[PDB]
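Chemist:
6 protein chains.
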Amino acid sequence: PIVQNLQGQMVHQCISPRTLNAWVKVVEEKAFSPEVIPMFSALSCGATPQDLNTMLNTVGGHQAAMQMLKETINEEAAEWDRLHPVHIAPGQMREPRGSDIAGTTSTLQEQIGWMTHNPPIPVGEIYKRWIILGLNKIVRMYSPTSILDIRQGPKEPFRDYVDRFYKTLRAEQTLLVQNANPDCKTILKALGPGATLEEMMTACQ
Amino acid sequence: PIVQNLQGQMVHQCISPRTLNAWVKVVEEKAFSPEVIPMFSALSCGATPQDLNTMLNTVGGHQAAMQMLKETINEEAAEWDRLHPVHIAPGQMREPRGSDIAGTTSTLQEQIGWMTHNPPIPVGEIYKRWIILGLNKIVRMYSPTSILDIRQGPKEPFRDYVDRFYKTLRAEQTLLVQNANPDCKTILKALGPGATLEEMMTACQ
Amino acid sequence: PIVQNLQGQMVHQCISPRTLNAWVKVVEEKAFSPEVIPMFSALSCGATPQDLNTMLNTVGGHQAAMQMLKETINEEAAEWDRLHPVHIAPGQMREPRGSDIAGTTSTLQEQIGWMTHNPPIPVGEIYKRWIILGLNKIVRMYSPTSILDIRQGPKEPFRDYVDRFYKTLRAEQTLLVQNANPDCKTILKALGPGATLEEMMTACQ
Amino acid sequence: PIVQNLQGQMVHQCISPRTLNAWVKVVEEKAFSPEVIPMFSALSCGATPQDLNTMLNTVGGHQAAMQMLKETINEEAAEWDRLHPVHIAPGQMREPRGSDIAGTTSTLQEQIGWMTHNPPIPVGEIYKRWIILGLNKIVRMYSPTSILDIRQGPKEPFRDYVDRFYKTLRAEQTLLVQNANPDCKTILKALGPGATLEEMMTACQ
Amino acid sequence: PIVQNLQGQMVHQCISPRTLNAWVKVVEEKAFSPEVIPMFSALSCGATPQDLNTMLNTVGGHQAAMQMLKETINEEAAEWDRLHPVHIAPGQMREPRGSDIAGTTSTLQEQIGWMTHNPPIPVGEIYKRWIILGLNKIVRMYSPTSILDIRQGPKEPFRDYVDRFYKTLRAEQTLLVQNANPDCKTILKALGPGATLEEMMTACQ
Amino acid sequence: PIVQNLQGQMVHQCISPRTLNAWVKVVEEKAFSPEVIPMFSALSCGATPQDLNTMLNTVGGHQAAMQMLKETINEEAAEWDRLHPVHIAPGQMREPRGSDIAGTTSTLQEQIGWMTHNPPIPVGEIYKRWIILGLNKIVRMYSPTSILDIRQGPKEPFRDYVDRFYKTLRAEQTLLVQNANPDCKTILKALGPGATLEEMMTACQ
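Chains as they are written, first to last, in full-length UniProt numbering: chain A, 133 to 219, 223 to 308, 320 to 351; chain B, 133 to 219, 223 to 308, 320 to 351; chain C, 133 to 219, 223 to 308, 320 to 351; chain D, 133 to 219, 223 to 308, 320 to 351; chain E, 133 to 219, 223 to 308, 320 to 351; chain F, 133 to 219, 223 to 308, 320 to 351.
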């Protein structure tokens, strides 16, 4: 990534083997569960476009997924050119294209240039925004079942049902009461309006 | 987080993959056991609001819990605005809202600004206070059984009973004697008043 | 590798035991699966030719593979000499041969010289390009089956078929529709032209 | 803790996730075996009172134990006040109470102040002394059996008996000969006085 | 080892517990497989003779091996004296003997002196050359079977045979065709001369 | 330990949790196998007497052993006083006793003083010498069987016998031929005198 030294200067640093290992393992073990996204964002703190491609290209499985991502990334590159066309001067910075932000037509040297520029063109963050929009589309896609089929088991503790409800709800981005079992529906109906989730859960314990 | 370099200056540092891994694993293995809280507080030393959201958003399970937390965080944002309303000047700091402290309406850039300000507005610590108040409410909620149902087994060693008693007592935040078995109740009654826990446990060995 | 200190200077650093361990483990567990290549490239960031030989020479198995690599590396050394022949001056830099870039006839001292030169002769990157061209030839070679034999199981979920299709396709570097089962072929044929992979997969869910 | 930078200054540093993990694991696996204490002391090198509370508060089990510790810590706070009563001046240091050394009534800011003072008030070491005196009381308490019941098995190798003897002896803080079996008692009696443990063990091999 | 600080100076650094652990584990798990040597060389980057003895002396098994190594090291010490005899001056450097390079008759202080000298006497690299020549002799010795007994199974895939061939060949430091099975011998004979290993393997797939 | 910063100065550093973990694990898994000693020496590089006590006091088992060590350490303290008696001056260094080198009667402050003195009194190395002499006595003691009972199995490969021979020989600190089986004795007798171990082992393969 790009990080601050101890003497203030912004400088390139090899992506750590820890960071490389963590991303591949998280993908192995959680596929496209929604919590995976903030894990990506954190593990890619200060990342060059080169670093971002490395993290995506190290995934062995989920290639239907990594192909939809390319589709999404390209749609975002086109839109970028549409908004910032381009026409260089010896030892002068060249403006970036869509394909330059997504690191396919740019060098690490240019990427370090733009991101450390004063003022900086933050190509790492622009690309990451594109990637995250794409990973979100995939998460919604790979949610195994709909919020409509999340109903509480007649013998299912309220808390464990809420957990299923808001798990599903997060993947897809008073239905809680509707889908509740009759025993707990009864108590919730009685609580009146403007009940907090804490109160709802207390009540049904 | 924000940490001191070696040359004195306060500067931003990527949250470590070790720290990211430790929090998710602790939540996996201890759920909302009370000891989890000081583990959160320590693992989030020097954390920006961005860092705090990352640690919460990396949890995959316990979404009933992470939803009550939002409820608690929002109640605290409202109370913040109630106490510090707001109305910016070119390249000048803008005062923070409730949603700015909780990192939903603020940039990492602004967060670094406030926290490194001279004097600093410590938005990281203010947010963490909010989160911890919320995690406490959850711990009390998820205590499996009441201190009233903690009674010593007729064949249960005193020490292992005390451990159950003060485990329960910590989750909920001479009852010890009341709930003791008759053999050990007898000895404790005899010890008279102002007996230390050490003496109580010695006596019953 | 060669890395920047904290005071700006470009300086040699022992290859870390973490990096040494990661490469050998990745080769143990993924053989010449295509995702292995970007893992090599990342783990060898800033690498001297000496460092590159170390990473290759630490592999115990796959010696048919590591022999084809030598064949490829030598073909690239010849081509290098063909393009940059050579004829030294006391305490002056000597131009590098093919065998010098591939680190067989050069010292670590000379390698540090060329790579830190102003302007630098980047022998590490030139060699890595050679190695990667060679590892690619091997990946294609060790793809277990052809894209032609990737057809969807009559009871195989579309998503899991796409994953097999683009796994195979990556190793080898509307056939998707051709190879689809009849139920899903039907729906895809109906979608008309210019359908995105996301739409294709949605449709077949 | 408080540690020296590279430029000499004494400065605060987040407690490492390694250190956090090591203490909790050691307690999991060795309970209050006597060797645990020097492990605590080492893992808490340079620790603020805040750091010390964090290490204690991260333990989930052994709450009878962690309650006796509070009892011991409070007895030591009282004794501290008894010896150093207190009565502040704008931007001037306030003398610490018992509860300030044990980090319950003090800020991290004040703790950093006292410990980096010239001359320093070493509140970290004063607290640690209190804690260690308390953990010792617990170790003695949780020694499973008395030195009197450590006798050598008629078919038990001398060395393995000595190990049991000095294990027990350390937990509790020519009895060796008394408790020896008759075969080895015989040889030891014969060795005369002023025999080294090495000679004793040699003799009985 | 000896490493560069951040301020340029060459300075001594404790051998890391990671490096200590890695060498012992590699020896545990691969014995004197040829790939072990480049692993030694890399793990001992910048090593003092003291560091080299530490790495050898931490091996518990393979003592027939570690004794042949001493034999080889001593033969190299004699040859060193034969080539550089010796006859010191207050606070002046004394020339090194064979036993000084191999770290048996020298202090760490002297080793740091020679290796940081301007110009440096690189006793670490001279010793490592000796050790590696010795470890090579051992690898050849502990090759389980001869290249002559590497023949392709009638039902053995060509690739897996090449792997056995070049594994054996590396330990010992158109025989491929000779030893091939008749089906694959046939195709290889037909390929004519100057066939690349890639072509040979393609052909036999 | 005491280590060099990046700015040259010799300064105290907390013993790492890695180093703490490595020593305890090595003792768990190898007891007093001779290879354990160089592991101790390396893991305790730059160690204060305080650091040395920490490493010994973290061992839970082997207390017969750790008691003989105290016996040995005390014998060495007496001998030290015998050789360097003592009689302090305000803010002036006090000469060390036997008990000061072994860190029982000295502060970490004094230990840092002596070891960083110009010229330094190296109390860490003096103590470590004492400890190592003691651990050696223990290794010899805990060698399970004598070199006299190491004889080659009639069906035991020569190499595996040499390994047993020199394992035993190292613990205790042409007998090889004597103890050889008759088949291999025969060949060795025939080799004549001045045969290298390599030749001996070659011959018997």
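We put the beta carbon where it would ideally sit given N, CA and C, even for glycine.
#1: For E/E230, count neighbouring Cβ atoms within 10 angstroms of its own Cβ and tell me buried if that reaches 16, exposed if not.
#2: Can you give the Cα-Cα distance for F/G192 and D/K162, rounded to whole angstroms?
#3: For chain B, is any of its Cβ atoms less than 9 Å away from the one on A/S173?
#4: What first and last residue would you give for the alpha helix (DSSP H) that runs through E/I236?
#5: At a CB-CB cut-off below 7 Å, which residues of chain E make contact with F/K162?
#6: What residues from chain F crowd round E/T303, counting only those whose CB sits closer than 9 Å?
#7: Alpha carbon to alpha carbon, how far is A/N206 from B/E211?
#8: Which residues in chain B have a C-beta closer than 8 Å to the C-beta of residue 82 of chain D? List them in chain order.
#9: For B/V143, report the span of its beta strand (DSSP E) as first-last.
#10: For D/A197, I'd like the list of residues in its chain whose CB is within less than 7 Å of its CB, leaving aside the five on either flank, ordered along the chain.
#11: Do the stretch 177-190 of chain A and the stretch 235-243 of chain A make contact, defined as three or more Cβ pairs closer than 8 Å?
#12: Using a C-beta cutoff of 9 Å, does B/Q308 count as contacting chain A?
#13: Taking D/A174 and F/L152 to be in contact with their CB atoms under 8 Å, please state how far apart those CB atoms are, rounded to whole angstroms.
#14: Rounding to the nearest angstrom, what Cα-Cα distance links residue 312 of chain A and B/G178 in this structure?
#15: Give the interface partners of A/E230 over in chain B, defined as CB-CB distance under 9 Å, in chain order.
#16: Answer with buried or exposed for B/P328, where buried requires no fewer than 16 other C-beta atoms within 10 angstroms of its C-beta.
#17: Anything in chain C within Cβ reach of A/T186, meaning under 8 Å, just list it in chain order.
#18: Going along chain B, which residues have a C-beta under 9 Å from A/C350?
#19: For F/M276, would you say it is in contact with chain D, using Cβ-to-Cβ distances shorter than 9 Å as the test?
#20: Pull up the distance between the alpha-carbon of C/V218 and that of C/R232, whole angstroms please.
#21: Is the stretch 139-157 of chain D touching the stretch 134-141 of chain B in the sense that three or more CB pairs, one from each, lie closer than 8 Å?
#22: Where does B/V218 sit, in a helix, a strand or coil, going by DSSP?
#23: Check the Cβ of C/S165 against every Cβ in chain G and list those closer than 7 Å, keeping chain order.
#24: Based on the DSSP secondary-structure assignment, which residues constitute the bridge partners of F/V135?
#25: For A/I147 and chain C, any beta-carbon pair shorter than 9 Å?
#26: According to DSSP, simplified to helix, strand and coil, what is B/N327?
#27: Rounded to the nearest angstrom, what separates residue 222 of chain B and B/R294 at their Cα positions?
#28: Determine the direct distance from the alpha carbon of E/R275 to that of F/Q246, and round the result to whole angstroms.
#29: Apply the 10 Å Cβ neighbour rule to F/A224 and answer buried if 16 or more other Cβ atoms are within range, or exposed otherwise.
#30: Counting contacts by CB-CB distance shorter than 9 Å, is B/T342 in contact with chain D?
#31: For chain E, is any of its Cβ atoms less than 9 Å away from the one on F/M250?
#32: Hey, quick one: how far does the alpha helix (DSSP H) through E/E307 stretch, first residue to last?
#33: Considering Cα atoms alone, identify which of F/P254, F/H252, F/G259 and F/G226 is closest to F/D235.
#34: Going straight from the alpha carbon of B/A336 to that of B/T348, what length do you get?
#35: Pop quiz: B/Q227 and A/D298 are said to be a contact at Cβ under 8 Å. What is the actual Cβ separation, rounded to whole angstroms?
#36: Is the Cβ of D/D298 closer than 9 Å to any Cβ of chain F?
Modeler: Concretely, from the data shown:
#1: Around the beta carbon of E/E230, fewer than 16 other beta carbons lie within 10 angstroms, which makes this residue exposed.
#2: When rounded, the distance between both Cα atoms is 9 Å.
#3: Yes, A/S173 lies at the interface with chain B (some Cβ there is under 9 Å from its Cβ).
#4: Per DSSP, E/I236 belongs to the alpha helix (DSSP H) from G233 to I236.
#5: In chain order: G192.
#6: Correct list: empty, because the minimum Cβ distance to chain F is about 16 Å.
#7: Between the alpha carbons of A/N206 and B/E211 lies a distance of about 45 Å.
#8: With chain D represented from 133 up to 351, any question about residue 82 of chain D goes unanswered, as that position is not in the structure.
#9: It spans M142 to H144 - the beta strand (DSSP E) in which B/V143 sits, taken as one unbroken run.
#10: In the same chain as D/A197, and ignoring 5 residues on each side of it, the C-beta atoms closer than 7 Å to its own belong to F164 and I273, in chain order.
#11: Counting Cβ pairs under 8 Å, three or more are found: they touch.
#12: It does not: the Cβ of B/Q308 has no partner Cβ on chain A nearer than 9 Å.
#13: Correct: roughly 6 Å between the Cβ atoms.
#14: This structure gives no coordinates for residue 312 of chain A. The numbering of chain A moves from 308 immediately to 320.
#15: Ordered by position in chain B, no residue passes the 9 Å Cβ test against A/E230, which lies about 23 Å from the chain.
#16: In this structure B/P328 is exposed. Its beta-carbon is surrounded by fewer than 16 other beta-carbon atoms within 10 angstroms.
#17: Simply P170, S173 and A174.
#18: Ordered by position in chain B, no residue passes the 9 Å Cβ test against A/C350, which lies about 11 Å from the chain.
#19: It does: the Cβ of F/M276 has a partner Cβ on chain D nearer than 9 Å.
#20: Going from the Cα of C/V218 to the Cα of C/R232 covers about 7 Å.
#21: Two segments are said to touch when three or more pairs of C-beta atoms, one from each, lie closer than 8 Å; by this definition the stretch 134-141 of chain B touches the stretch 139-157 of chain D.
#22: Looking at B/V218 - three-state DSSP - the assignment turns out to be coil, as it is neither helix nor strand.
#23: Among the protein chains of the structure shown, namely A, B, C, D, E and F, there is no chain G.
#24: Note: F/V135 is bridge-paired with F/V143 in the DSSP secondary-structure output.
#25: For A/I147, the answer is yes, since a Cβ of chain C falls inside 9 Å of its Cβ.
#26: Looking at B/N327 - three-state DSSP - the assignment turns out to be coil, as it is neither helix nor strand.
#27: No atoms of residue 222 of chain B appear, because in chain B residue 219 is followed directly by 223.
#28: When rounded, the distance between both Cα atoms is 50 Å.
#29: Per the 10 Å Cβ criterion, exposed.
#30: Yes, its Cβ sits closer than 9 Å to a Cβ of chain D.
#31: Judged by the 9 Å Cβ criterion, F/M250 is not in contact with chain E.
#32: Per DSSP, E/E307 belongs to the alpha helix (DSSP H) from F293 to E307.
#33: Proximity to F/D235 across F/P254, F/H252, F/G259 and F/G226 peaks at F/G259, based on C-alpha coordinates.
#34: Cα to Cα, the separation comes out at about 14 Å.
#35: That belief does not hold up - the Cβ atoms of B/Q227 and A/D298 are roughly 45 Å apart, past 8 Å.
#36: Yes, its Cβ sits closer than 9 Å to a Cβ of chain F.
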